[PDB]
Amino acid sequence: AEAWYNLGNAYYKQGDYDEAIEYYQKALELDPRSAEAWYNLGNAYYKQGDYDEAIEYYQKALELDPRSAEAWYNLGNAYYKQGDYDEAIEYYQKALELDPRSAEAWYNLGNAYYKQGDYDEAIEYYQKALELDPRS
């Protein structure tokens, strides 16, 4: 499962996301418990612009291991990219509960409120992002 996964990663790092999918699928046939392989499969679909597929595989990775602030953040991103701002907010909140110093999660939470026309809330979360990254 290791070589298949790293073979997938070598294609991923080049922007060859569909080749990466084939090899991540092979890694997961051998080790269906690999949160890493699920997560990176979801990343490959995200990069392919298939947010519904990314969400299914991120959900599976988060089922096996609900600890990465990064994984909740990327689940929020996938929902954001398909216009599901309620769900994006839910998952960005979960990300921030695990990593309050994520300027990225505060910023995207701002953006989700901005997209809903909630500019008062957007401004609150952009200000939090700027406390952590004042060079944003």
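The first residue of the sequence shown is number 1, and the count goes up from there. Throughout, rigid core stands for the largest set of C-alpha atoms superposing within 1.5 Å between the two forms.
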Report task. Name the stretch, 65-73 or 88-96, whose C-alpha atoms sit farther from the shown form on average in 5 other deposited structures of this protein, taking the rigid core as the superposition reference. Result -> 65-73
Report summary line: Averaging the C-alpha temperature factors as deposited, the higher value of 103-111 versus 55-63 falls on 55-63
Report summary line: The stretch whose C-alpha atoms carry the larger average B-factor in the entry, 66-74 or 22-30, is 66-74
Query - Ranked C-alpha temperature factor of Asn43 among modelled chain residues, by third - result: lowest
Report summary line: Split the chain's modelled residues into thirds by Cα B-factor; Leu7 lands in the lowest
